[PDB]
Amino acid sequence: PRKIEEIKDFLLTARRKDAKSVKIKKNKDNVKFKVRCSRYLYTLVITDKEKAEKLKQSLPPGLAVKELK
Amino acid sequence: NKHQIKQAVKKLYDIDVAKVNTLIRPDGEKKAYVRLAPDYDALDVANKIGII
Amino acid sequence: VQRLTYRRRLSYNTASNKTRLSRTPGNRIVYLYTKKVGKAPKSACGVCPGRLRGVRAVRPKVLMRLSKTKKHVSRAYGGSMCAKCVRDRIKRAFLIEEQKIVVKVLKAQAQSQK
Amino acid sequence: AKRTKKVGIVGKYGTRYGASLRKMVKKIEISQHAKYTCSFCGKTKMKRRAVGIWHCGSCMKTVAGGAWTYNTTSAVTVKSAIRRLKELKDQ
Amino acid sequence: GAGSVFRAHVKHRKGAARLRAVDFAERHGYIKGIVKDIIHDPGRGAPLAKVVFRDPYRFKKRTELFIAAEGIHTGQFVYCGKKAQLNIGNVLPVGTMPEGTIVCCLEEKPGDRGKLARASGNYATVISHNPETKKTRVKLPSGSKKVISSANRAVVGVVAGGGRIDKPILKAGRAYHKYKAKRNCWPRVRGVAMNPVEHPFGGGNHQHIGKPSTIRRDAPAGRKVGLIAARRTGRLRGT
RNA sequence: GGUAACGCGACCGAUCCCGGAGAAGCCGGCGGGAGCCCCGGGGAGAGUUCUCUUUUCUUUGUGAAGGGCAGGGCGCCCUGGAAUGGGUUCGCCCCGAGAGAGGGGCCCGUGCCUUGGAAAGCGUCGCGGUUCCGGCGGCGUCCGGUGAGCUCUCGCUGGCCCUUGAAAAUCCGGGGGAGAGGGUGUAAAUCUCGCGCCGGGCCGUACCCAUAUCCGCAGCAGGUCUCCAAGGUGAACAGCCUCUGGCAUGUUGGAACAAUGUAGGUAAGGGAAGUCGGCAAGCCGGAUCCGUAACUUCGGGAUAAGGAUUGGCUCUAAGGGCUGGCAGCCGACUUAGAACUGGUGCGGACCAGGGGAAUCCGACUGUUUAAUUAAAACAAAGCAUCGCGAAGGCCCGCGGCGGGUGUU
RNA sequence: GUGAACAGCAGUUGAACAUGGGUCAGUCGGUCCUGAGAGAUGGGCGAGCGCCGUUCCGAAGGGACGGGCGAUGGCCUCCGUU
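Chains as they are written, first to last, in the deposited numbering: chain k, 2 to 70; chain X, 105 to 156; chain g, 2 to 115; chain p, 2 to 92; chain A, 11 to 249.
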């Protein structure tokens, strides 16, 4: 399950021709945003919480978004 | 074969396959477990043929 | 005290059957099968004793898996032979061929006179 | 504290084998396991490794001596007899 | 000892031990090779020695297994042929080398790859010379001296692993391990310690022989047992 | 790219040649890292409460594959030249062929953090559809500390050999430089860099593995190869008791308690007077402290022989680490001595040598008549004769440029 | 499910009897390489089926990057294919 440390690279890894879906865990302390492609589980750990809607909208076009509950 | 079987389930009930596991019983015949596709349906095709 | 078992049908203590523990998410004890301790390379010279510095030591049908530089060091005769014994061969090949040009001149004082 | 009044390495055999073989083993089972000076490097670490086949563990050079000592005795004067028939012929 | 359960134990043993061939080099001039390791072999309490000669018709490196002469060490040079210098572990034919010098791994036929004097502590000294005939005399280990063919060669020195009969083997095991790295041959049972049908010598009340233990050379098998063709017998005094 | 050991994402190219790996014995000593056992405190549920007991038990978690750091090891490179010899291990062992001091570099990194990964798992507390849930909700899933303890691993170092402890499929790294790629363009050959798409057929896979599924004519006290292994007393995988998991006493019940048997004990006084013969039984036994003869191949004899000490509880004395000849705090064992004390009782069961003075036989360890002989027989190291220089000795074979001793 | 027979007394029980289910893999084995050793052909021995021998009385390699002639395939452009 590969990590992404920035906020400008994840989005590209969602725009791929092969990125099948996105899911969005919230557990107190962080918000792990997770995207699946054709090999790994490319996560990302955004510790700031108003940094987690602005992004939540930004997710790329005809994809299958979830929320994890 | 497995390869052989997979087209015979394909070219008589019309239906596309995922995988075809096998084994051989103590009475001595071959029994193939035939997984199916998501767009296809399993109780539904089963009625067509007769097994219900 | 989870006294435990093999998972494969091999229950002799044979060579290819070496193990270690692991605790699961479950909270259970369970064996896992180990992989072979790869030696480091020994150098072509013949004379030097131990093991190489600069080549990933790994059991040898994996050496396919790696990519060039993982299996050498930058240098003439790199990753095959050791650098103490290399520096000797540049010297030796230099001094032997020099002394060779000498004897040609100090054999040639015989047939010049004689 | 001295521990044995006449039995060298051959305390390792006790009462066994009889007196005059234990004397006869003392002269060979002390010389074989000794160290010798490597003439090449100079150090004090020649040492046997099998029957008549010896090894400096510093400059990695390896010699063929005698089974139980580093020169055989008339191989010391086999070298001084071949050296001296290099005198008879060359003139 | 004629087969099956006896035949010599050959697996951990390290090569057959020879000379070089012969060729135009050994035959019209000389060649040089280097020593790369002295090295132990079983069934043979003496050391062998690898020697990288370079092949003189293709790019290559040939590699041989002489019988190591005492005083040899690693790295050292071995120069050989019909000209090569008489010093130690340097091979050249009996034709050439002078009288008095000692030899090892000596040849009998010109070119046969060395059959005489390769066990630990054995020589084959040169005595005399006759150059019409092209023949030579060579005192071998048993007192006698073969007339030999003057183009047949031997490495110089005395054979390695010298002095092995010295030390008393003590324990019976030390035998076993000596004779467990050779052939099925040991804990040897006497002939009087066999029934009437198992050895001709043993049988009856006491443990005597009965018959004299000398026998005709011209016996058959089953009988030619004992002291064979025995020129004399007893404690050997005088000479 | 770096003085350099060597580092960075790729970093062109044939026949030939060189080496690496697959590829190794057994035994001792020491250290690193997991499992397991222990010890003081926190949660949740139990158990016990006549009296006491902040108590006794249960339970308390993170795969592979990837990145990051600890932890271990170097026969790796630089400045630099050391007797008033130095460095250092339990042991060793190291050095003008370059030590101490200083600074770097490479390989393993099965340990801790990270994404995985809490969304599952385990513990408890409470509510639904009687059914037909991988139902739904909550809290919790902590923090500290020791070690010649046991099990697996990983390294470093020493001992032994007339014993030197497998083969090859497969896969890499080099020297060499045959060649190839296109004229500053859109560039070309070319990549052992990252992403992506298509695919892996055949046969075996249940269960017993044994005082019940195998062999012994049977559910036969026989026999038949391995893996994991908790608490208590101990030197201890010994003997005895107990947790986890297991069992119904091994093809029968009930009543009596006679003579014979089979396997256990005990015996007043004498003590081999019994018998072919001390056969059987019994006596001695653990550890601490003293003390020890003949004879000897000097190594043994030797636990010779012969004595004394040993419980319970109340003390004293020595033996360590860490923070900044002294202060503070952190701590797991042992070892010596003194006193009080019981009906002279303490290796309290369990474990656990009878001793001495000679004659012969065989040097010792080792083998041997499975199913009436384990011995003084066999083998053994040591001694001595005998044949033999290969067209050869010894030997196999019905035969052949036959084979064994022999890769001598 | 049954209680006949068998399971050395008994049976509701059973490893008996009678009916009906149950062994799914690229990643866990065999295959694939050699070990002591087994054994064809060339040769030779043999009345004969056959035996001896395994590198020894053998013309034992059926493959390749390129040099060149002339023939395919997709616009014989470029390369597998002879």
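The C-beta atom is built at its ideal place from N, Cα and C for all residues, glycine as well.
Review point. Under 8 Å Cβ-Cβ, which residues of chain A neighbour p/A76?
Key: Taking the first residue of the fourth sequence as position 1, residue 76 of chain p is located at position 75. Under the 8 Å cutoff, chain A gives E80, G81, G167, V168, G172.
Review point. From g/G39 to A/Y133, what does the alpha carbon distance come to, in whole angstroms?
Key: Indexing the third sequence from 1 puts residue 39 of chain g at position 38. Indexing the fifth sequence from 1 puts residue 133 of chain A at position 123. Each residue's Cα considered, the two are about 48 Å apart.
Check your understanding: Which runs of the alpha helix (DSSP H) spanning at least 4 residues fall entirely within the region 23-63 of chain k, listed in chain order?
Key -> 55-59
Review point. Which residues, in chain order, does the region 177-197 of chain A contribute to contact with chain p at a C-beta distance below 9 Å?
Key: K177, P178, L180, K181
**Study point:** Under the three-state DSSP convention, the category residue 120 of chain g falls into
**Key:** This structure gives no information on residue 120 of chain g, because the portion of chain g shown stretches from 2 to 115.
Review point. Relative to the C-alpha of g/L53, which residue among g/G79, g/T20, g/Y7 is closest?
Key: If you number the third sequence from 1, residue 53 of chain g lands on position 52. Here the closest residue by C-alpha is g/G79.
**Study point:** Cβ-Cβ distance between A/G99 and A/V165 below 8 Å
**Key:** Mapped onto the fifth sequence, residue 99 of chain A falls at position 89. Mapped onto the fifth sequence, residue 165 of chain A falls at position 155. In this structure, A/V165 lies closer than 8 Å to A/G99 by Cβ.
Exercise for review: Alpha carbon to alpha carbon, how far is A/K145 from A/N205? Give it in angstroms, no decimals.
Suggested key: In the fifth sequence, counting from the first residue as 1, residue 205 of chain A sits at position 195. In the fifth sequence, counting from the first residue as 1, residue 145 of chain A sits at position 135. Between A/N205 and A/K145, the C-alpha separation is close to 55 Å.
Point to revise | Counterpart residues of A/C114 in DSSP-defined beta bridges | key: In the fifth sequence, residue 114 of chain A corresponds to position 104, counting from 1. Answer by DSSP bridge pairing, in chain order: A/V165.
Practice item. Please decide whether p/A68 counts as near chain A, where near means a Cβ-Cβ distance under 8 Å. Key: By 1-based counting over the fourth sequence, the position of residue 68 of chain p is 67. p/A68 counts as touching chain A.
Check your understanding: Since A/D47 meets chain p, which of its residues come closer than 8 Å, beta carbon to beta carbon?
Key -> Residue mapping note: residue 47 of chain A aligns to position 37 of the fifth sequence, counting from 1. Under the 8 Å cutoff, chain p gives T63.
**Study point:** Residues that A/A59 bridges to, as DSSP identifies them
**Key:** Taking the fifth sequence and counting its residues from 1, one reaches residue 59 of chain A at position 49. In the DSSP output, where bridge partners are listed per residue, A/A59 has A/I48, A/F76.
Exercise for review: Mind the definition here: the region 15-34 of chain A touches the region 44-63 of chain A only if three or more C-beta pairs lie below 8 Å; say whether that holds.
Suggested key: yes
Review point. Using 8 Å as the Cβ pair cut-off and three pairs as the minimum, do the region 121-136 of chain A and the region 24-40 of chain p touch?
Key: no
**Study point:** Residues near A/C90 in its chain [Cβ-Cβ closer than 8 Å; skip 5 each side]
**Key:** To locate residue 90 of chain A, count along the fifth sequence from 1; it is residue 80. Here the set comprises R30, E36, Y40, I41, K42, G43, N100, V101, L102.
Exercise for review: Would you mind giving the Cβ-Cβ distance between A/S130 and A/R68, rounded to the nearest angstrom? I have them listed as a contact below 8 Å.
Suggested key: Start at 1 with the first residue of the fifth sequence, and residue 130 of chain A comes out as number 120. Start at 1 with the first residue of the fifth sequence, and residue 68 of chain A comes out as number 58. With 8 Å as the limit, A/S130 and A/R68 do not qualify as a contact, their Cβ atoms being about 36 Å apart.
Review point. To which residues of the same chain is p/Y37 closer than 7 Å at the C-beta, ignoring the five residues directly before and after it?
Key: Stepping through the fourth sequence from its first residue, residue 37 of chain p is reached at position 36. Here the set comprises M47, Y71.
Practice item. Rank A/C114, A/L116, A/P108, A/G121 by C-alpha distance to the C-alpha of A/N140 and give the top, closest one. Key: On the fifth sequence, residue 140 of chain A is found 130 positions in, with the first residue counted as 1. Here the closest residue by C-alpha is A/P108.
Practice item. Out of p/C60, p/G12, p/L22, p/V77, point me to the one whose CA is closest to p/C42's CA. Key: Against the fourth sequence, residue 42 of chain p aligns to sequence position 41. Per the Cα distances, p/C60.
Review point. So what does A/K155 bridge to, in DSSP terms?
Key: In the fifth sequence, residue 155 of chain A corresponds to position 145, counting from 1. BP columns for A/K155 point to A/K149.
Review point. Out of A/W196, A/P222, A/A229, A/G201, which has the shortest C-alpha to C-alpha gap to A/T243?
Key: Taking the first residue of the fifth sequence as 1, we reach residue 243 of chain A at position 233. It is A/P222.
Exercise for review: Just the chain p side, please: which residues come within less than 7 Å of A/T84 by C-beta, in chain order?
Suggested key: By 1-based counting over the fifth sequence, the position of residue 84 of chain A is 74. Result: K62, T63.
Exercise for review: Indicate whether X/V124 and X/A136 have their beta-carbon atoms separated by less than 8 Å.
Suggested key: Position 20 of the second sequence holds residue 124 of chain X. Position 32 of the second sequence holds residue 136 of chain X. Yes; because the gap between Cβ atoms is below 8 Å, this pair is in contact.
Practice item. Go ahead and pull the three-state DSSP assignment for X/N151. Key: The residue given as residue 151 of chain X occupies position 47 in the second sequence. The answer is helix: DSSP assigns X/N151 an H, G or I state.
**Study point:** Which of helix, strand or coil DSSP assigns to A/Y189
**Key:** By 1-based counting over the fifth sequence, the position of residue 189 of chain A is 179. The answer is helix: DSSP assigns A/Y189 an H, G or I state.
Point to revise | According to DSSP, residues forming a beta bridge with A/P103 | key: Counting from one through the fifth sequence, the residue named residue 103 of chain A turns up at place 93. A/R163.
Review point. Hey, is p/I10's beta-carbon within less than 8 Å of any beta-carbon in chain A?
Key: Within the fourth sequence, the letter at position 9 stands for residue 10 of chain p. Answer no: the Cβ-Cβ gap between p/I10 and chain A never drops below 8 Å.
Check your understanding: At a Cβ threshold of 8 Å, is p/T45 touching chain A?
Key -> In the fourth sequence, residue 45 of chain p corresponds to position 44, counting from 1. By this cut-off, p/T45 is not an interface position.
Check your understanding: With a Cβ-Cβ cutoff of 8 Å, do k/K21 and k/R40 count as a contact?
Key -> Working through the first sequence from its first residue, we reach residue 21 of chain k at position 20. Working through the first sequence from its first residue, we reach residue 40 of chain k at position 39. The answer is no: Cβ separation not under 8 Å.
Review point. DSSP state of residue 93 of chain p, grouped into three classes?
Key: A question about residue 93 of chain p goes unanswered here, because the residues of chain p that appear run from 2 up to 92.
Exercise for review: Could you tell me whether any Cβ in chain p is nearer than 8 Å to the Cβ of A/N162?
Suggested key: Start at 1 with the first residue of the fifth sequence, and residue 162 of chain A comes out as number 152. Not one chain p Cβ lies under 8 Å of A/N162.
Check your understanding: Any Cβ of chain p within less than 8 Å of the Cβ of A/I112?
Key -> Taking the fifth sequence and counting its residues from 1, one reaches residue 112 of chain A at position 102. Chain p, which has a Cβ nearer than 8 Å to the Cβ of A/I112, makes this yes.
Check your understanding: Alpha carbon to alpha carbon, how far is A/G201 from p/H34?
Key -> To locate residue 201 of chain A, count along the fifth sequence from 1; it is residue 191. To locate residue 34 of chain p, count along the fourth sequence from 1; it is residue 33. Their Cα atoms are separated by approximately 41 Å.
Point to revise | Backbone CA spacing between A/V113 and p/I10 [nearest angstrom] | key: By 1-based counting over the fifth sequence, the position of residue 113 of chain A is 103. By 1-based counting over the fourth sequence, the position of residue 10 of chain p is 9. Their Cα atoms are separated by approximately 37 Å.
Check your understanding: Between X/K134 and the rest of its own chain, which residues show a CB-CB distance below 7 Å, the 5 nearest in sequence each way excluded?
Key -> As a first step, residue 134 of chain X is located in the second sequence; it is residue number 30 there, counting from the start. Around X/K134: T126, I128.
Check your understanding: For the beta strand (DSSP E) that contains p/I54, what are its first and last residues?
Key -> By one-based count along the fourth sequence, residue 54 of chain p stands at place 53. Run containing p/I54: 54-56, per the beta strand (DSSP E) assignment.
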